[PDB]
Amino acid sequence: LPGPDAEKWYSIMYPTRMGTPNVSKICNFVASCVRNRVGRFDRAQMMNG
Amino acid sequence: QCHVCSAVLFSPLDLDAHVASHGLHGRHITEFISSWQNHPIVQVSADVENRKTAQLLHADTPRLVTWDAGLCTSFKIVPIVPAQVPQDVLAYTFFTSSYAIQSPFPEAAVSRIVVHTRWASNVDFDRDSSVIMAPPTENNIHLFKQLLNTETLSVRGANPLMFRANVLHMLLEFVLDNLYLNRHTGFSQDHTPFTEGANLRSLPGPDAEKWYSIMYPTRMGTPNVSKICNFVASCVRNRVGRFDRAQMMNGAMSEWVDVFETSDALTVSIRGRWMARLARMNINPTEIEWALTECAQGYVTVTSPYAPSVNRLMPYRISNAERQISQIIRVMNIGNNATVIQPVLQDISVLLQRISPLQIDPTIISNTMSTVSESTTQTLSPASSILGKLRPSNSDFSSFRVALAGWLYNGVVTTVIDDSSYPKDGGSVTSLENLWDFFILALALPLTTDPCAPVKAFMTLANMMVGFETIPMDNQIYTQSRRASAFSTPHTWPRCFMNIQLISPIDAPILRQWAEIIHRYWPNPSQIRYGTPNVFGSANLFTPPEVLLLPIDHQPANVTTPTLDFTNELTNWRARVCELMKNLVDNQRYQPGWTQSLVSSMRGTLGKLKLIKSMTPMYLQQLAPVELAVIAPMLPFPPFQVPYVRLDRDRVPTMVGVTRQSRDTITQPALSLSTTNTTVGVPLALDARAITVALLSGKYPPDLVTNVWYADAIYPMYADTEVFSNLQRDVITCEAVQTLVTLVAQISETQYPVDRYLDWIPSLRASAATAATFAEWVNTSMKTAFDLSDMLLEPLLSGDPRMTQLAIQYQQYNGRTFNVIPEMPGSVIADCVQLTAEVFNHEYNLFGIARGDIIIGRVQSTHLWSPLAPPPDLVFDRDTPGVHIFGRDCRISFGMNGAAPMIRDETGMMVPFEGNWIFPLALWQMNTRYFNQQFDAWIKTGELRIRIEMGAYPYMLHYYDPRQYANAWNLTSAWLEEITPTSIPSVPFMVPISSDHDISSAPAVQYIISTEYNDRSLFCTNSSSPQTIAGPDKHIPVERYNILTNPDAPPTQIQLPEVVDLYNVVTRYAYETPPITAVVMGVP
Amino acid sequence: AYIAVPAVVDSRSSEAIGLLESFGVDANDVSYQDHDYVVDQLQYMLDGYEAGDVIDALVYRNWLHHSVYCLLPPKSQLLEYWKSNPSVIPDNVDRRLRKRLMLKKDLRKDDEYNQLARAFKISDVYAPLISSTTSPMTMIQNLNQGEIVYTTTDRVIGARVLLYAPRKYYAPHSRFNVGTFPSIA
Ligand SMILES: [Zn+2]
C-alpha cells in the first residue's frame, strides 16, 4: 500500500506472518491459527499485460 | 580472369582469393555477378571501416559456426595445500642431455577437481558465458546469489529459496559455453620410449612440449614408486594420440581425425549434439540455384557453379514448423503499437514505386477536361468542380502504394478510407459537390482490405438519397440516415442489403440498381503462388504454404491488351459507376433548384471520364501481383494474411488472438493485446482522392519490354537478400521458446511434464513476477551467447511466462474458429540442459553443491575421519529412537527458580535443551537472533545436537594441521550469527590434512559434520608418495579413466549419467564456409 | 503525463519562480507549458459569448496534440491578396477564378470576374473553417484533428493565432508536463 512510510504496515496488516519465539500471549495466539489464509488467494486476469 | 563465374578481376596473382569461393584450392557474405553488364554486387557485414562500393546486411544474424582449437574439457584439477617429497630418479639422460620429469597431475598433498569451463581453449568469438569456480578454500558463494536475491539483507550469503533457479541457470551457462566445433590441427610424431610411434597433436602456439604432459598421461613413465607412477603402470600403452583419420585430404592434411586426449565425456557429448544439429541443416548450391530460379517467377534464371567437395557446410535449411513460431513471435512484437509497423508499410510502398513500370501522371485528366469549359453567365460547373476536387497539381501518391502493400498484411493492420473523404454531414444528392465526392469514394473503395467496404459503398448513397427514396431497416434506431462511416463491423450489415428483394424498385429504383451492381460486379478475390517449398520453408499460417491470396482477380501478363477492356474487373467497375451516375442525373428527379439544365454538361463530363485511357486497371491485374509475389519472400517480416471474402458475413474474420497456454488446461483467460481491436487489426486511414486519381491516370513507358525491365529490376534486390540470415535466426528463436517453456516449468507449477530431474534442491513455487525476471535472465544470457542485439523472446514476457505452447487463432463471424498449433521438432539446447541436469544429479559435488544436511554438535576426539564422510555413529534420523521432530510452532518457555527451560516439539510435548533434535532450516531462519541467544551456551558446552535438514547447501573447506590444537567454534558460531531470514552463508567445514609419515595425535574440536558421502570432488591425497598412512586416503579414480584401465572396453563407450569420464575420444573437423555465389542470367 | 495546477504557468518565468515547490512538492523531466496567453485570450473570449459554452469547450482539450490557428482577411482583401504580387493561390481554387486572377488590371467593368466572385465562398476552398457563428465546442473539436485551423475572427480560444496575410490587408515536450487547465480528452 502506498504512502510516505510504508515498511511498518505489514506487521499490522498480517498477524499470521510473525515468527513464534515465545510463550507470550501474542505468540500463543499466532501459532494456534491456520497458515494458508494470508495475502492473495483469488484474482481475475482478463487480458495479457 | 575467372573462367568459372566469368568474374573480371584485374591482377592475375590474387585469382586464388576469388576461386577459393568456388571450392577450388589455390570475408564476403554473398557475391552475385550479372550476365549483361559489368557490375558485380558484394554484400558485407555491418561492422566495417570502409566499403569498396559494397552493400551491407542489416540482419542480426547469430554466430552458428565457431571454432575451437584447444582442449575440449571443462573440469580441471587444482593443487591445494601442496607438498614436496624426497625422491629417487630425477631426470632422463640420453647421452649428455637431461630431460626433466613432467607430470600429468599436480604433486600436492591434497588435490581436487573444480570447474573452470574453457580453461584450455583457443576459440575465436568467445560466447561470453563462463562458469568459473574457485578452489573450495575460497568462497564460491557469488555464483548462487547471482540473480534473484538482488535485494538481500546480507551481501555475504545466498538465498535458499532461489538455489534451484541459480543452479539451473548455471547449468544453462555451462551448456552455452560448449557450443563450439573442434578444429583440426597439425601433429608431431615422436619417438620417446613410452609413446613410441604415436602421432600426438600440437596445440596452436609457440610451444608444443608444454601441453603434452597435461594431455597424454602415459607419456610420463614409471621412474619411482608413486601413486601417479602406480596409475600409469596400471594403464595401457596402445591407445594414445590419433586413432585413425579420414580418407579424403587436401594435399597432406586429412579432413577429419580423432584423437585420444584429456577431455570431458559431457563436453564431447554436448559438442556432438551441436555438431549433429548443424549437420542436419546444410544445403548445396544446386538447391540454392533451384530456389532462386523458382522464387524469381521465371523472369530471370540463376546458376551457381561449384566443385565437388564434402568440406561444404552452409547451414540454411530449417523445418517448416520453426518459421511459424518465429512468425507468431514477430506478430506478438507489435502489441497495437503504431510505430512498429509504419516503417514496414511505408518502406514497401517506396520499393514498389522503384520497381513498378507504372508512371502515375495526373495530367491525363487535365488534358481530357481542358477542352471542357463553360459559358461566362452561369455559376456552377461540373468540369471545374471535378478538377477542383481531384486537384491534379498535387503529386503525392503514397496512399495508393501503401494500399498495394497492405494486401500482404491484413490481420495485423487493416486499411480503411479515412473520414473527411465521405460527403460532409449527409450529402443530399441535390448538391453538386457531393456527387463527385460519391464518385471519388466509390471508385477507390475496392482496394482497401476492409471487409465492410461494400456496405460502406451502399450506405453512402443510401445517406445521400434520404428524402427522395426510402429503404426498409430493422430496428427503428439505425435509420437510413446513419452515416456510412459507422458501418465498420460485420454485425452492422442490414437486412435490406443482404436481401435485395426487400428494396422495392417502385420506391427506390436507384438504390435497387446500386445494390444489384455491388452484388454483381464487385471484384472477386484470387490467389497466386510464390516462394519456394522444400527450400526456405513457408512462414505463413491459416493458408496453404505456397499461395498468396489477394482481393483482385489476376491474369497472365501480356502488354498489348485493349485499353477499354470491360472483361477487366476494375474497368468494368468504373464503367458501371459512371453508368449509374448518368442514370441518376438524367431525369432531374432529384435536383430541383438547378436553374440551368446541367444534364448535358454532366453527362458529357461523365462520358469523357468513363472511357479515359488509363493503364492502372490493366496493371493491377497483370503486373502488380507478379511484383508482390517476387518481393514477398525477400521481406524481413514475411506476410501474414487472413482470408478475403465478399458479401458474406459468415466467413468474415473479426478477431485475431495469440493463445499462450496449453490446450487441456483451464487457466485465467489471458487474451492477447491484438484481440482488443474493433476491426481485425490496427486501423490505417487512406485518402480516397489520391487512390482515385492514381486509378484514373496511369501509363507505361513507350518502349516497355517486360523481359528487360523485370530482369533488370529483380537483380539488385536479390543481390542484397537477407533471407539466408533470417533462416538462421529462426532456429535460435524456436530454441529460445523451447528453453523458456522447459526451464520455467522446472521451477513453477504447470502442466508441461518433462522428466523432472532435480528436485532435492529446494525452491519456492514461483509466481509471475519471479518467473518473468528469471525468464528475462534466460533471454539476456542467450542473446549474449549468440551476439543478438535485436529483439528475441521478449514478447513472451509482458504478463505470465508460465507457458506451455504457442498457438494463434482467429474467429469468423458465425462463431467458428480456426486454431493453428505449430508442432515442435527436436530442440538441442533444451535436452542438452536436461542431460547435464542428469549428470549433475550424480555429480553435485564437483560444482560445489552438497546434498543432504548437516548436524551441529560437538565432537571431542583425536580421530582422523574427514567430516564430509562421517561414520554412522554420529548421524541420526527420524528412524532413530528418541529423536524429537520440531514443526513450525516451536515455543520456548524459560525455567523458573532453577528449572530447565523447555521447547515444544510437533506433538505438543515440552522437552529440555538436551538430546538429538531435527530442525528444518526455516525455523532457524525465522528465529535467528533469538535461538542464537539461548542455544549457543548449550551447544558449545552441554549436550545439544541439532540436525538442520536443508537438502542443498554450498560449502567451503578449511584444512588444518592434525598435529596441533584446533577449535571449530570460531567458524561455527560465525556461521550461525550470519543466517539472516533471506540468506545463508556457505557452510564451513574443518577437514584434516593427510600425511605421508606418521604424525603426532592432537585433540580436535568439531561442530559441523555432514550426513552422507560428500567428496566425489576429491581427486587424490598425497600424489607423490608410495602411500598415505594417516588421514583421508584417496587413490587416483580409476573409473574416470575408463578406457585405458579396462581391457575389454571399446573406445567409443562411456558411462554418461553415473560418472563423467576423462580421456575420451574426440573427433576433430576442418571445414569450409564459402559465401553464397550465383551467376544471374537474364531470360529472352 | 499531464497534471494541472491552480496558477498561471509560463515556461520561461515560472521555472525561475519554481512554482511547484511552492505548492509543497519536492523536486529535468518537468517541462512547463506557456499558459500565459490563454488567460488573456479567455478574458477576451468571455465578453462575447456566455460562460458555460466557453468553459465546457475549453475543458475537452488536450495539451499534447500540438496545433495552431490561421486568420485570414474576410473576402475582398482575400481576393485582393491573390490579385497582388504573390501567386500563392491554393489548388482548391476555381479553374476560371484563378484564370481571371492571373491577368492584369482587373476592375469593376469585368463582368466575368465579378459574376464568379459574388458566388465565391471561403468555405469552398478552406475546410474546416471557423466562422463567427460557430460554437466554441466545435472550434476545439475541429482543432484536435488536423494541426492547423482556418478562421475568420480573432475571438477564438485555445492555441496561438497566426495570420495569413500582411497587416495591410487586415482591418518540444518531456515526460511530465504541468499546466493550468485540466484536460478530459
Ligand atoms: Zn569465380
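As stated in the entry header, the method of structure determination is cryo-EM and the reported resolution is 3.4 Å.

Per the PDB entry, chain C is named Mu-2 protein, and its organism is Mammalian orthoreovirus 3. Its PDB record names the entry "In situ structure of polymerase complex of mammalian reovirus in the core".

As recorded in the PDB entry, chain A goes by the name RNA helicase, listed as coming from Mammalian orthoreovirus 3.

Asks: How do you make sense of the overall build of chain A when you look at a structure like this?
Replies: The helix and strand tally for chain A stands at two helices and zero strands. Across its three principal axes, chain A shows a C-alpha extent of roughly 50 × 30 × 10 Å. The proportion of buried residues among the 49 residues of chain A is 16%. On chain A, roughly 4,200 Å² of surface is accessible, and the fraction owed to carbon and sulfur atoms is 61%.

Asks: Could you clarify how one ought to interpret the interface of chain C and chain B in this entry?
Replies: Where interface size is given, it is often the accessible area lost as the parts come together that is meant. In this complex, chain C contributes seven residues to the contact, which on the side of chain B involves 17 residues. For the pair chain C and chain B, the summed buried surface comes to about 970 Å²; carbon and sulfur atoms form 33% of the total. Summed over the three residues of chain C that lose the most area to chain B, namely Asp91, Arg95 and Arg96 of chain C, the buried surface amounts to 58% of that side. There are three salt bridges connecting chain C and chain B.

Asks: I would appreciate a short explanation of the sheet that holds strand β1 (residues 30–33) of chain B in the present structure.
Replies: Through backbone hydrogen bonds, the strands of a sheet pair up, either in parallel or in antiparallel fashion. All names here are of chain B. Strand order in this open sheet of five strands is β3-β2-β1-β36-β16, and the pairing throughout is mixed. The sheet is open, and its two edges are formed by β3 (55–56) and β16 (300–303), each paired on a single side. For β16 and strand β36 (residues 1076–1082), the ladder comprises four bridges, and the chain directions are antiparallel. By the bridge assignment, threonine 303 is partnered in β36 with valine 1079. Contacts from helix α6 (residues 285–294) reach β1, β16 and β36, with the element oriented near 170 degrees to β16.

Asks: How do you make sense of the coordination of the zinc ion when you look at a structure like this?
Replies: All names here are of chain B. The protein atoms that coordinate the zinc ion are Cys2 (SG), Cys5 (SG), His18 (NE2) and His22 (NE2), at distances of 2.2 to 2.5 Å. We note that the donor set of the zinc ion lies within a single chain, spaced as C-x2-C-x12-H-x3-H. Of the two residues examined, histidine 18 and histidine 22, each falls in the buried class.

Asks: Please clarify how the nonpolar core should be interpreted in this entry.
Replies: Note that soluble globular proteins tend to have their nonpolar side chains buried in a common cluster. Membership of the largest hydrophobic core comes to 304 residues, with the highest contact counts inside it found for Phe458, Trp514, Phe786, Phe840, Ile854, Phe935 and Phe989 of chain B. Considering every element that reaches this core, the biggest residue donor is helix α23 (residues 723–747) of chain B, with 13 residues. With residues near it in sequence (within four places) discarded, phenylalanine 458 of chain B still touches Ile471, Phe497, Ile503, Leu511, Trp514, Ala515 and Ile518 of chain B. Residues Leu97, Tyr113, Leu116 and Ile122 of chain C belong to the second largest nonpolar core, which totals 20 residues.

Asks: Would you explain α6 of chain B in this entry?
Replies: Since the α-helix turns once every 3.6 residues, residues separated by three or four places project in the same direction. Residue and element names in this part refer to chain B. The buried count for α6 comes to seven of ten residues, which makes it a mostly enclosed element. Of all the positions in α6, only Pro285, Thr286, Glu287, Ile288, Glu289, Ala291 and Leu292 are classed as buried. For α6, the elements touching its buried residues are β1, β16, α23 and β36.

Asks: What is the right way to look at the pairing of β1 of chain B in this model?
Replies: Every other side chain in a regular strand lies on the same face of the sheet, so the side chains alternate between the two faces. All names here are of chain B. A two-sided burial pattern is seen for β1, the buried positions comprising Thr30 and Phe32 on one face and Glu31 and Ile33 on the other. Two elements, β1 and β36, share four bridges in a ladder whose sense is parallel. From the neighbouring strand, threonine 30 faces β36, where its bridge partner is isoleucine 1076. Across three bridges, β1 lies against strand β2 (residues 41–44) in antiparallel orientation.

Asks: Got a minute to help me understand the packing of helix α10 (residues 382–390) of chain B against helix α12 (residues 433–444) of chain B in this structure?
Replies: Each pair of packed helices gets described by two things: the angle between the helix axes and the distance between those axes. Residues and elements named next belong to chain B. For the pair α10 and α12, the least separation of the axes is 10 Å and the interaxial angle reads 50 degrees. When the interaxial angle is binned, α10 and α12 end up oblique. The hand of the α10/α12 crossing is right-handed. In this structure, α10 contributes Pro382, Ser385, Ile386, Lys389 and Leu390 to the contact, and α12 contributes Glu433, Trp436, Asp437 and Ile440. Its residues assigned to classes, the contact of α10 with α12 comprises five nonpolar, one polar and three charged.

What counts, and where the lines are drawn
- Residues numbered from 1 in each chain as written, not as in the entry; some residues may be left out.
- Chains lettered and ligands numbered in written order.
- Part of a larger assembly, values for the part shown.
- Heavy atoms only, no water.
- Helix = DSSP H or I, 4+ residues; strand = E, 2+ residues; numbered from the N terminus.
- Buried < 20%, exposed > 50% of the residue type's maximum accessible area, 1.4 Å probe, protein only.
- Areas by Shrake-Rupley, 256 points an atom, 1.4 Å probe, with all protein chains shown as cover.
- Contact = heavy atoms within 4.5 Å.
- Buried area = accessible area lost by both parts, 1.4 Å probe.
- Salt bridge = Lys/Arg side-chain N within 4 Å of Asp/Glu carboxyl O.
- Pairing = 2+ DSSP bridges.
- Axes fitted to C-alpha atoms, helices over the stretch in contact; angles between N-to-C directions.
- Donors = N, O, S within 2.8 Å, 3.2 Å for Na, K, Ca; no water.
- Core = buried A, V, L, I, M, F, W, Y, C linked by side-chain atoms within 4.5 Å.
- Parallel < 35°, antiparallel > 145°, perpendicular 65-115°, else oblique.
- Left-handed = near helix turned anticlockwise from the far one by under 90°.
- Nonpolar A, V, L, I, M, F, W, Y, C, P; charged D, E, K, R; others polar.

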